[PDB]
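Two forms, one protein chain; structure tokens for each follow separately as structure 1 and structure 2.
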Structure 1
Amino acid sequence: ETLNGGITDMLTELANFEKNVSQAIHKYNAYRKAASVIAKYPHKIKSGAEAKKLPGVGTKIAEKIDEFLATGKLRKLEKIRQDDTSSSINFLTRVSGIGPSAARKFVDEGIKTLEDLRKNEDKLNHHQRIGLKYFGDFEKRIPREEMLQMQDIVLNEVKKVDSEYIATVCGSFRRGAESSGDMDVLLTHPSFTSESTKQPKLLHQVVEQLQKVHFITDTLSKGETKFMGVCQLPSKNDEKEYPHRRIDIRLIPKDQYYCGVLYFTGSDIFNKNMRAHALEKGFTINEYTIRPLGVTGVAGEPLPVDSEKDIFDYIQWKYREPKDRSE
């Protein structure tokens, strides 16, 4: 956690680089389990060899270890850090809609800068066009103060659309957080559940309304169960216009709402920990259900969940407010 710090961090630097700049899924994968392992180790790695005794740690990495311990640095890390091509890929990759693959191509063609990006809006798809358009707003955190005004608006129209609609802003916001990255609304309807052959309009009606009133301003992707766009709160009686924010609204089979809701509310740890508990308690929890475990090794049979509670109860735990779902 701090004892193998630099070690794992160097390791991750390297991993990550193999994956984006180079198209070496393997090495990238190598660097990572080793990083993963030296990370667990209970004592201060004092050399290549010591580390070497580890699984995943071979000669190659052990080697990097010494040089890193030896001189507090790594040549390869210095070179890469310098390396313009890779620098570029690392950066282009920041535009929503651009991945490593595309990052490579752009550079290939010689598109290294945001402006390069601009002079060539054409080579870019919609997603990317939008991502470039709000590069600034996308990079900014969402102040909770605003999260409250967004949540406010969203829930209104929702209800005004159909009243039988259930929405929940999930995520960190849900759990207290002063700021959030993007806004995540979990949606459901009674009319939609596990079987009942859908009702796409369900998601559809909603976006339409939000756009209608001018909250959704763009669409990155809109499908039958997961909408992905851009919103913005109404630049007041002017002077202060608001930033463009990322919004994600997803339809849920009413019969899996809370599991989902449970899930997206995180945190990654609480989740795990919670998930880990249901296991002993004779269960299983996944993004949508909670199944009673059977002795044959496994078993199924989706228990009825009506609120975050039921879930709790099932595993016979203390209902935890979102606020304290921290771990």
Structure 2
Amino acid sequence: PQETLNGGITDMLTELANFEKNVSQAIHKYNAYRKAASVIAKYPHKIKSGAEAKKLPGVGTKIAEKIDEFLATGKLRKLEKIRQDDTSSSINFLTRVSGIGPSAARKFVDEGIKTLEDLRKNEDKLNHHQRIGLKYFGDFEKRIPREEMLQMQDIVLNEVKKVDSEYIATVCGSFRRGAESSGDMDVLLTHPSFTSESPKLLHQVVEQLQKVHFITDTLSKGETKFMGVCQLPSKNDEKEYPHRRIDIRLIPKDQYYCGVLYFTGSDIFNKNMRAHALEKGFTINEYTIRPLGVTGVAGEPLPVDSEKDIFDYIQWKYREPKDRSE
């Protein structure tokens, strides 16, 4: 539905979600505001009153009321006032730095640090991740067109295969659902030598990708998960590509396809797939599908050899990644 139907309402709601999360530290209100923003975004009629909104699942009495106020005045007083509040709009802004959450943002604003300028003058007060976040602030908010993703995927598959031709790599994310652009790259990796009934497999890959200068920085690295930055090589006399978030995960063979499904998303689709899963006597997380017991007894992980197997157990025609928006 066209964003101009209830656009003003959903932006109001998402703005209020943001303050709950970043300023009030009320994650459950943040998610309530987003849930109500979603169901509104999908509603195919121009909302004429709060009582009308109220009908939607996730819209309660207090949002109904804010809708009424927004309809009559084109604004909300509470939102107007929070915006002109220096302390609160600073705290809210700084959370846009990857690695500064509600709690570090609060701490900074308490002691005078409110702007990227302030963050720059105070490197010593930021942790490693936060420096990388600061350094790529601009880059990190940009989107990645598919063309650069395919190019990034070329590097990844080439280098992974070079390290050891028995690795299996799948770039997931909205990339995998065929999206026209993506916010980051999410690589899932496994290896025949790695099951769960069983720390270099990850490091070796990360290492090759730094060696060809594809990975430029590291946010975190452990035995199973890497979070980092990458950058395509620059064209011959051209302006350089932006720096990009890339994650690389190592998953045991018998959990690979649950992982692929889970990180393929979208979350909306996974919420559905989880719900239907429950409906037919099964539970599915990122690691496994388990049958529910005569009492709610999730039992042993079942054998899984492909995405299909999963879909099979819960009796769903396998859904092509391109259809997994919902």
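Think of the rigid core as the biggest set of C-alphas that the two forms share within 1.5 Å after superposition. Residue indices: 1-based, along structure 1.
A.B. asks: At the hinge between the two rigid parts, which of 46, 82, 145, 301 do we find when the chain moves between the two structures?
C.D. replies: This hinge corresponds to 82.
A.B. asks: How far, in degrees, does the smaller rigid part swing between the two structures?
C.D. replies: Rigid-part rotation, C-alpha based: 26 degrees.
A.B. asks: Taking the rigid core as the frame, how far in Å does the Cα of residue 282 move between the two structures?
C.D. replies: Comparing between the two structures after core fitting, residue 282 shifts 2.5 Å at its C-alpha.
A.B. asks: If the rigid core is lined up, how many Å does the C-alpha atom of residue 59 shift between the two structures?
C.D. replies: On core superposition, this C-alpha lies 10.7 Å from its counterpart.
A.B. asks: Look at the Cα of residue 69 between the two structures with the rigid core superposed and state its shift in Å.
C.D. replies: C-alpha displacement of residue 69 between the two structures: 7.7 Å.
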